[PDB]
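Before any comments, here is the structure.
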Amino acid sequence: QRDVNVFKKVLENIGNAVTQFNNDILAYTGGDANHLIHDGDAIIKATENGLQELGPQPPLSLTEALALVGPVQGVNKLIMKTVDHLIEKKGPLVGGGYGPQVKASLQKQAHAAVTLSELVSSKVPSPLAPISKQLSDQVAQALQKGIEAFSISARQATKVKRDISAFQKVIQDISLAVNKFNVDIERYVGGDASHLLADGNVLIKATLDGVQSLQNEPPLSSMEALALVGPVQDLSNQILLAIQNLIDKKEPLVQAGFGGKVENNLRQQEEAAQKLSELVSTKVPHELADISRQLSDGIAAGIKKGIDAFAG
Amino acid sequence: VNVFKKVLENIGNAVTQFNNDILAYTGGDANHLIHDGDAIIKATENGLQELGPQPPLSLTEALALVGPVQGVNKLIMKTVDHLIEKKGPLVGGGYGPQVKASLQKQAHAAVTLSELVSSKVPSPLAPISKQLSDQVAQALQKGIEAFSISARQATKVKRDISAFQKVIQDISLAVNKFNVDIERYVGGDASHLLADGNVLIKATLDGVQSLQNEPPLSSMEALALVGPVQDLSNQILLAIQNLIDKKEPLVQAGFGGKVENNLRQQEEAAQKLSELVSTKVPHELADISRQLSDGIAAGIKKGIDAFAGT
Ligand code: NI
Ligand code: NI
């Protein structure tokens with residue numbers, strides 16, 4: 001009947017929102033993270049809009065509830081996935097400056113979601129309540145796991161690691177192989193073509209070697225995988241994040257009384273950055289100057305804030 | 001006088017747009033560039049239609065119209081240069097004949113325009129005008145003949161891009177080293193953190209020192225450190241294209257069978273690799289990985305078809 005097909009609709013909408021959020025998260029390599037926040041807000045709003053429309057709905061039938069089991073489960077899993085994705089892209093957002101906002105958003109979501117769950121209990125019949133409660137728990141707990149991880153940073157240390165060194169090496173080799181003959185032919189006009197053939201063979205061999213190499217190597221995590229695809233960006237993000245972390249742990253380093261030591265170090269770092277960024281600005285092209293500035297400036301400015309925080 | 005000036009301005013704008021487009025183009029779909037070129041050509045043509053009926057300029061009028069023409073020409077030259085610089089990726093994509101055609105068309109139109117303009121200017125300023133025209137046309141040719149058939153501009157293999165890589169990697173290591181310790185630390189002695197910071201600073205300094213005497217980096221040369229995955233792909237495609245092009249005279253020399261087998265082997269290798277790669281990709285990147293890999297495999301296939309039994 002139509003009485004059931006409104007809650008269902010709401011659920012679907014929520015799921016869609018969640019999916020959108022997930023997509024956004026996936027997209028976000030770094031930089032401006034307003035969009036993600038906006039998405040989160042939208043999702044929250046959508047969730048809220050459920051409460052307003054589900055409040056006056058009647059008590060469901062025994063057989064009606066079981067049709068509604070699948071939709072909920074589907075939603076919950078999706079939500080969990082989204083949360084996981086968000087967690088995965090913790091660092092860059094943090095670096096950008098967007099950790100408090102995100103934390104807030106998650107909390108808000110939890111608060112809304114919890115409310116929704118509470119509401120839904122009284123609409124379902126009382127013998128399905130065990131399932132429903134469990135489902136709710138699965139959601140809320142999951143949400144918390146994100147929220148908790150984005151808010152205290154207790155055991156949150158991002159494991160420094162890179163067997164990205166060997167993938168990179170392989171890539172380099174491949175490039176060399178290509179450029180090795182990609183000249184040879186380009187040069188070639190006629191006569192014996194033995195050389196070209198040899199080059200091709202060599203390239204093939206190289207490729208084979210590369211394949212062999214990446215046989216036992218593990219998968220690549222998306223934030224970790226952007227190291228090799230997006231090499232400089234990752235570095236930038238990880239610098240920013242580091243800076244943010246440092247800023248965060250000012251209070252209890254001032255408490256331990258290292259503050260002066262810290263400040264000097266920060267200053268030194270800033271100086272180094274200035275030195276490097278100047279040199280860099282010399283080595284860039286027509287086209288890529290603007291972006292180069294954009295990163296460097298961000299870095300320098302990021303440093304500055306930290307310095308301000310920890311000076312004296 | 002106004003109308004001609006306006007036309008010139010429009011042309012300049014078009015050229016600028018084209019240049020911008022070229023700059024943007026990392027590779028992939030290159031339709032847009034072609035479209036831009038076409039538009040530019042059209043614009044140029046539209047000059048002829050509006051400048052034909054214009055009267056003969058005065059002695060004093062011509063000299064005001066010297067500085068704008070010059071500005072235009074330089075811009076055009078720059079655009080051409082930029083286009084040339086982004087030769088390889090376009091070629092790889094498959095867009096080399098079209099581009100060549102476009103350039104030729106532009107030259108033809110531009111030439112016509114130049115011819116037209118001679119008769120509107122007075123005859124004692126013709127020495128300058130002709131020179132200006134020549135500057136353009138020659139420049140255009142440099143890319144146009146610049147752009148088809150090959151065997152002259154062979155991008156030299158160059159990989160000082162190593163040192164930069166090393167530097168960046170080092171920096172990353174330094175950062176990720178601190179950014180772990182900091183994360184860990186709750187309080188107490190903070191010496192360690194300070195030490196880490198110092199180390200990082202030192203590393204940075206070293207990096208700076210390193211890239212002191214190293215040269216500039218050319219845009220396409222430079223997109224190898226920022227988009228390594230993509231540069232490799234493009235260079236591969238380009239290479240394949242080149243190979244395809246030089247089938248005729250390798251069939252003429254009669255290596256064709258040898259070539260074909262080699263191609264097949266290469267294809268096989270690609271297939272092998274691309275499968276493995278498909279295992280190591282994540283949530284989000286799979287799609288792109290497919291997109292490149294598929295392109296590569298398909299690219300190979302065409303070449304194979306071309307050179308099989310020939
Ligand atoms: Ni996942
Ligand atoms: Ni230039």
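Each chain in the structure tokens gets a letter, A, B, ..., in the order shown, and its residues are numbered from 1; ligands are numbered from 1 in order too.
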Counting only C-alpha atoms and all ligand atoms, what residues are within 12 Å of ligand 1, given as a PyMOL selection string?
(chain A and resi 22-23+25-26+77-89+221-222) or (chain B and resi 282-284)
Show me, as number ranges by chain, the residues that have an atom within 12 Å of stretch 110-119 of chain A when counting only C-alpha atoms, minus same-chain residues fewer than 2 positions from it.
A: 7, 10-11, 14, 40-41, 43-59, 72, 75-76, 79, 83, 103-108, 121-124, 129, 132-148
7 Å from ligand 2 is the threshold here; counting only C-alpha atoms and all ligand atoms, which polymer residues fall inside it? Answer as number ranges by chain. A: 286; B: 78, 81-82
Output for the residues just chosen: N, CA and C atoms as a CSV table (one decimal), in the first residue's frame:
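Writing done, so here's selection_26.csv:
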```
chain,number,residue,atom,x,y,z
A,286,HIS,N,56.2,27.8,-19.1
A,286,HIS,CA,55.1,28.7,-19.4
A,286,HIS,C,53.9,28.3,-18.5
B,78,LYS,N,54.1,32.4,-31.1
B,78,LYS,CA,54.1,31.7,-29.8
B,78,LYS,C,53.2,30.5,-29.8
B,81,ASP,N,54.6,27.7,-31.7
B,81,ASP,CA,55.6,27.1,-30.9
B,81,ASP,C,55.1,26.1,-29.9
B,82,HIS,N,54.0,26.6,-29.2
B,82,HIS,CA,53.4,25.8,-28.2
B,82,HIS,C,52.8,24.6,-28.7
```
(request) Work out how far atom CA of residue A:199 is from atom CA of residue B:258, in Å to one decimal. (result)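 Interatomic distance, atom CA of residue B:258 to atom CA of residue A:199: 12.5 Å.
You can rank B:191, B:179, B:13, B:46 by their closest distance to residue A:253 using only C-alpha atoms, and at the top of that list sits B:191.
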inquiry  = Please list as a list in words every residue within 10 Å of residue A:201, counting only C-alpha atoms and excluding residues in the same chain fewer than 2 positions away.
reply    =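 In the requested form, the answer reads residues 177, 195, 196, 197, 198, 199, 203, 204, 205, 206 and 207 of chain A; 262, 263, 265 and 266 of chain B.
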Within 12 Å of residue A:275, counting only C-alpha atoms, which residues show up once you throw out same-chain ones fewer than 6 positions away? Write them as a ChimeraX atom specification, please.
/A:268-269,281-282,296,300 /B:201,204-209,211-212
Please, could you write that set of residues out with N, CA, C and O atoms as an mmCIF file, in the first residue's frame?
```cif
data_model
loop_
_atom_site.group_PDB
_atom_site.id
_atom_site.type_symbol
_atom_site.label_atom_id
_atom_site.label_comp_id
_atom_site.auth_asym_id
_atom_site.auth_seq_id
_atom_site.Cartn_x
_atom_site.Cartn_y
_atom_site.Cartn_z
ATOM 1 N N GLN A 268 63.100 27.757 10.951
ATOM 2 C CA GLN A 268 64.121 27.152 10.095
ATOM 3 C C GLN A 268 63.469 26.485 8.889
ATOM 4 O O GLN A 268 63.909 26.659 7.741
ATOM 5 N N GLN A 269 62.424 25.724 9.187
ATOM 6 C CA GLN A 269 61.652 24.995 8.176
ATOM 7 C C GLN A 269 61.097 25.961 7.146
ATOM 8 O O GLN A 269 61.188 25.719 5.937
ATOM 9 N N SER A 281 60.553 27.974 -8.614
ATOM 10 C CA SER A 281 59.969 28.994 -9.446
ATOM 11 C C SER A 281 60.821 29.300 -10.648
ATOM 12 O O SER A 281 60.319 29.868 -11.590
ATOM 13 N N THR A 282 62.112 28.965 -10.614
ATOM 14 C CA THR A 282 62.992 29.170 -11.769
ATOM 15 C C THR A 282 62.867 28.032 -12.791
ATOM 16 O O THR A 282 63.028 28.244 -13.996
ATOM 17 N N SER A 296 53.083 26.223 -3.456
ATOM 18 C CA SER A 296 54.195 26.763 -2.662
ATOM 19 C C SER A 296 53.690 27.778 -1.656
ATOM 20 O O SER A 296 54.064 27.766 -0.476
ATOM 21 N N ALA A 300 53.788 27.768 2.411
ATOM 22 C CA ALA A 300 54.477 28.826 3.162
ATOM 23 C C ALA A 300 53.518 29.419 4.199
ATOM 24 O O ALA A 300 53.858 29.629 5.365
ATOM 25 N N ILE B 201 64.448 19.548 7.690
ATOM 26 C CA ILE B 201 64.990 20.830 7.243
ATOM 27 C C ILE B 201 66.256 20.608 6.419
ATOM 28 O O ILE B 201 66.429 21.190 5.334
ATOM 29 N N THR B 204 65.526 19.149 3.076
ATOM 30 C CA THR B 204 64.987 20.215 2.228
ATOM 31 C C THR B 204 66.127 21.032 1.626
ATOM 32 O O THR B 204 66.143 21.319 0.416
ATOM 33 N N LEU B 205 67.065 21.387 2.498
ATOM 34 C CA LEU B 205 68.242 22.170 2.122
ATOM 35 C C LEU B 205 69.028 21.451 1.034
ATOM 36 O O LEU B 205 69.435 22.053 0.027
ATOM 37 N N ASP B 206 69.231 20.162 1.269
ATOM 38 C CA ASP B 206 69.962 19.287 0.349
ATOM 39 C C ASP B 206 69.301 19.291 -1.015
ATOM 40 O O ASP B 206 69.969 19.420 -2.048
ATOM 41 N N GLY B 207 67.982 19.143 -0.989
ATOM 42 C CA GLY B 207 67.156 19.122 -2.202
ATOM 43 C C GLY B 207 67.346 20.408 -2.983
ATOM 44 O O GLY B 207 67.539 20.384 -4.216
ATOM 45 N N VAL B 208 67.291 21.514 -2.252
ATOM 46 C CA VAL B 208 67.452 22.852 -2.819
ATOM 47 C C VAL B 208 68.799 22.966 -3.521
ATOM 48 O O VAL B 208 68.891 23.468 -4.652
ATOM 49 N N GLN B 209 69.823 22.493 -2.825
ATOM 50 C CA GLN B 209 71.199 22.504 -3.327
ATOM 51 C C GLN B 209 71.286 21.737 -4.646
ATOM 52 O O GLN B 209 71.891 22.205 -5.615
ATOM 53 N N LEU B 211 68.941 20.911 -6.923
ATOM 54 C CA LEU B 211 68.287 21.479 -8.093
ATOM 55 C C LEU B 211 68.750 22.919 -8.386
ATOM 56 O O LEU B 211 68.020 23.701 -9.002
ATOM 57 N N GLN B 212 69.969 23.254 -7.954
ATOM 58 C CA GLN B 212 70.536 24.583 -8.191
ATOM 59 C C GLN B 212 71.080 24.729 -9.613
ATOM 60 O O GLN B 212 70.778 25.705 -10.303
#
```
| request: Please identify all polymer residues within 10 Å of residue B:193, counting only C-alpha atoms, omitting same-chain residues fewer than 3 positions from it, and present them as a list in words. | output: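 Neighbouring residues, sequence-local ones excluded: residues 246, 262 and 265 of chain A; 177, 178, 179, 180, 181, 182, 185, 189, 190, 196, 197, 198 and 199 of chain B.
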Exercise. With a distance cut-off of 8 Å and only C-alpha atoms, select the neighbouring residues of residue A:266, excluding the residue or stretch itself and same-chain residues fewer than 5 positions from it, and output the selection as an MDAnalysis selection string.
Key: (chainID A and resid 303 306:307) or (chainID B and resid 197)
Write the residues of the preceding selection, restricted to N, CA, C and O atoms, as a PDB file, in the first residue's frame.
```pdb
ATOM      1  N   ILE A 303      52.783  27.125   7.024  1.00  0.00           N
ATOM      2  CA  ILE A 303      53.894  27.176   7.967  1.00  0.00           C
ATOM      3  C   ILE A 303      53.709  28.364   8.937  1.00  0.00           C
ATOM      4  O   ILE A 303      53.908  28.242  10.129  1.00  0.00           O
ATOM      5  N   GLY A 306      51.352  28.117  11.843  1.00  0.00           N
ATOM      6  CA  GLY A 306      51.932  27.232  12.872  1.00  0.00           C
ATOM      7  C   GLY A 306      52.947  28.006  13.697  1.00  0.00           C
ATOM      8  O   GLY A 306      52.956  27.904  14.930  1.00  0.00           O
ATOM      9  N   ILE A 307      53.784  28.771  12.995  1.00  0.00           N
ATOM     10  CA  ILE A 307      54.819  29.589  13.616  1.00  0.00           C
ATOM     11  C   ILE A 307      54.190  30.570  14.608  1.00  0.00           C
ATOM     12  O   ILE A 307      54.662  30.724  15.746  1.00  0.00           O
TER      13      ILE A 307
ATOM     14  N   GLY B 197      62.392  17.202  12.932  1.00  0.00           N
ATOM     15  CA  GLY B 197      62.165  18.478  12.247  1.00  0.00           C
ATOM     16  C   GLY B 197      63.458  18.969  11.608  1.00  0.00           C
ATOM     17  O   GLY B 197      63.481  19.385  10.433  1.00  0.00           O
TER      18      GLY B 197
END
```
Next on the checklist: What's the separation between atom CA of residue B:281 and atom CA of residue A:98, in Å to one decimal place?
Outcome noted: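 Computing the Euclidean distance for atom CA of residue B:281 and atom CA of residue A:98 yields 27.3 Å.
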